[PDB]
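Working notes, beginning with the structure itself.
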Amino acid sequence: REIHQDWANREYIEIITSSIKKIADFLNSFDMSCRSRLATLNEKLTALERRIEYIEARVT
Amino acid sequence: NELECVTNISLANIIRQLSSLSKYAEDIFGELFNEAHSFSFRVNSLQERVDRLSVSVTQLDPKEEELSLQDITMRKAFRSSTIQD
Amino acid sequence: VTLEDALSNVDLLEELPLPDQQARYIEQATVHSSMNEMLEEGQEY
Amino acid sequence: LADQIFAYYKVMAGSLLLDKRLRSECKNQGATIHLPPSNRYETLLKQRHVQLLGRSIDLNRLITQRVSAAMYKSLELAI
Amino acid sequence: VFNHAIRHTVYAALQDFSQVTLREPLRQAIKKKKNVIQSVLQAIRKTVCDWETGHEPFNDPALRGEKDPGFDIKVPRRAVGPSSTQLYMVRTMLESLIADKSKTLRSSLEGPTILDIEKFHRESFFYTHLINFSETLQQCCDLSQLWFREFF
Amino acid sequence: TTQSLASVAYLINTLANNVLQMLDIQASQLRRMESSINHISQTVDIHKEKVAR
């Protein structure tokens with residue numbers, strides 16, 4: 001009866017929504033990790049730029 | 001009200017949510033890519049400078065090196081960057 | 001073109017390495033709905 | 001935060017290298033040179049994506065800038 | 001994990017109640033002249049029953065009135081919660097059965113029947129809140145008002 | 001709806017992979033350039049010590 005099909009459809013929608021929220025959570029986590037390692041790379045680059053400034057000032 | 005109408009409306013709603021998610025994901029990825037591109041520019045500039053400095057350093061002459069005793073202080077001192085956000 | 005493929009896509013998407021991260025009742029229902037709508041409008045004001 | 005972090009670590013460095021026998025002697029005459037209280041700054045120094053109003057703030061970078069300025073000031077003052 | 005667990009438990013509890021627990025009072029009411037209880041119990045079954053074969057069992061003796069010989073029915077499982085409308089309808093109809101004022105529908109009911117109805121009605125209170133776990137988690141931890149100062 | 005979900009997931013996965021590889025390449029470049037800069041510093045120090053001697 002229509003109620004049975006209704007239960008089936010609601011279960012379908014529930015599965016799809018769960019998948020969508022999994023995708024969103026992955027997006028958030030990936031963004032956080034990328035921020036962290038970008039900060040690290042930037043710091044490393046900054047440490048290197050200052051060092052080359054100092055060296056080339058010492059050699060001239 | 002027939003239930004199938006509600007289910008179809010909900011399916012359209014989840015597709016709209018998918019589109020919104022696509023836009024938000026694009027926003028995040030662009031925010032990452034812009035600063036990554038900036039890092040790439042900085043790395044290329046530093047690589048050029050390092051190549052120049054290496055070829056310059058390989059030809060330093062110690063025996064010809066001469067130091068001016070008289071000019072020890074009238075020379076301008078080296079100062080490191082002091083940028084503070 | 002099936003739930004299996006979409007679910008597999010999501011699963012494979014959720015495993016990338018991410019380190020460095022740390023009757024008498026229908027009328028009652030109708031009146032109740034209208035009263036709730038009035039409540040939300042009142043909150044807006 | 002940067003000011004007090006630098007002060008804390010400078011005090012710890014100064015306390016580590018102080019003669020131990022001198023500390024003992026001073027305590028034996030009621031003139032104790034008190035130790036610096038321990039404190040928990042490690043978690044703050046490791047922060048790199050603090051979240052505020054949609055911005056991501058690298059706390060480590062700013063603390064480094066301030067602390068490096070302070071270290072330069074200390075060396076200049078010594079000389 | 002909480003969403004899946006909550007939906008599964010809600011569906012299981014609702015279906016167990018509806019299909020297994022409401023057989024005894026319905027049999028009693030069929031064996032009796034009173035039909036208001038029968039109409040209400042039957043109405044509750046149409047609302048929230050998911051017959052795993054699509055139709056209610058036909059050779060059920062409890063529906064007829066005769067005592068069970070037994071008659072195991074396999075209750076289905078799945079992670080999906082009842083729509084708001086039907087959960088609300090079910091809760092209001094249960095409240096109607098166990099009501100001090102209604103010549104009372106609670107007078108006809110036996111002891112254990114009302115005791116179990118009161119139970120389920122009490123636990124079903126938080127189903128709506130828990131199905132929306134994220135929104136309720138947001139609400140339970142709201143400390144926004146510590147900043148605003150319009151009154152002062 | 002099934003097609004949309006699958007396609008969006010696929011696209012997001014590909015972007016994430018590309019960004020990951022890009023970051024790793026940049027980190028490798030910086031490690032290599034750090035090594036070279038350290039070598040240059042060592043050479044400059046050697047030269048200065050020779051001049052002093």
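Don't worry about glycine lacking a Cβ; one is built from the backbone with ideal geometry, like all the others, and counts go over all protein chains shown. The numbers here are math on the coordinates, done by the rules we state, and not lab data.
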Yes/no for E:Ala79 being within 11 Å of chain A (Cβ to nearest Cβ) and small (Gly, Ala, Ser): yes
Does any residue of segment A:34-50 turn out to be surrounded by 16 or more Cβ atoms within 10 Å (Cβ to Cβ), of a type in the set (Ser, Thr, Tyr) and more than 25 Å from the chain's Cα centre (by Cα)? no
Do we have any residue at all in segment E:112-124 that's of a type outside the set (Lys, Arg) and outside any helix (DSSP H, G or I)? no
Quick check on my filter: what residues within chain C are part of a helix (DSSP H, G or I) and aromatic (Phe, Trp, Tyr)? C:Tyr25
When C:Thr30 is run through (1) within 7 Å of another protein chain (Cβ to nearest Cβ); (2) surrounded by 10 or more Cβ atoms within 10 Å (Cβ to Cβ), the failure sits at (1)
Of the conditions (1) surrounded by 12 or more Cβ atoms within 10 Å (Cβ to Cβ); (2) within 25 Å of A:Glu14 (Cβ to Cβ), E:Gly54 clears all except one; give me its number. (1)
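Let's see how each residue does on (1) over 30 Å from A:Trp7 (Cβ atoms); (2) surrounded by 15 or more Cβ atoms within 10 Å (Cβ to Cβ); (3) within 20 Å of the chain's Cα centre (by Cα); (4) among the charged types (D, E, K, R):
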residue: B:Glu4; (1), (2), (3), (4): no, no, no, yes
residue: B:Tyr24; (1), (2), (3), (4): yes, no, no, no
residue: B:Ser38; (1), (2), (3), (4): yes, no, yes, no
residue: B:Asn44; (1), (2), (3), (4): yes, no, yes, no
Kindly evaluate E:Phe120 against the criterion of being aromatic (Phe, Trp, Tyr), touching a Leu at 6+ places or on another chain (Cβ under 8 Å) and within 30 Å of B:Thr7 (Cβ to Cβ). yes
Just checking, which of B:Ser10, B:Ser19 is hydroxyl-bearing (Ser, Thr, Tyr), over 19 Å from F:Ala9 (Cα atoms) and part of a helix (DSSP H, G or I)? B:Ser10
Per the filter on segment A:12-60, residues of a type in the set (A, V, I, L, M, F, W, C), over 30 Å from B:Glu4 (Cα atoms), part of a helix (DSSP H, G or I) and more than 8 Å from chain C (Cβ to nearest Cβ) are A:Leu27, A:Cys34, A:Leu38, A:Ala39, A:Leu41, A:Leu45, A:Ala47, A:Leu48, A:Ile52, A:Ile55, A:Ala57
Would you check which residues across segment B:47-68 are part of a helix (DSSP H, G or I) and either under 14 Å from F:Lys50 (Cβ atoms) or at the interface with chain F (Cβ under 7 Å from one of its Cβ atoms) (or both) and list them? B:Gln47, B:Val50, B:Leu53, B:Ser54, B:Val57
Yes/no for B:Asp71 being under 30 Å from F:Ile37 (Cβ atoms), out of contact with any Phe, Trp or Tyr (no Cβ under 7 Å at 6 or more places or on another chain), assigned to a loop (DSSP other than H, G, I, E, B) and not hydrophobic (A, V, I, L, M, F, W, C): yes
With the requirement that a residue be assigned to a loop (DSSP other than H, G, I, E, B), more than 14 Å from chain A (Cβ to nearest Cβ) and surrounded by fewer than 10 Cβ atoms within 10 Å (Cβ to Cβ), what does segment D:24-67 give you? D:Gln29, D:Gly30, D:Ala31, D:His34, D:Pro37, D:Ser38, D:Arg40, D:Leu53
Going by what's in this entry, would F:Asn38 be described as within 14 Å of chain C (Cβ to nearest Cβ), in a helix (DSSP H, G or I) and not aliphatic (A, V, I, L, M)? no
Check on F:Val19, over 22 Å from B:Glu64 (Cβ atoms), touching a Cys at 6+ places or on another chain (Cβ under 7 Å) and part of a helix (DSSP H, G or I): yes
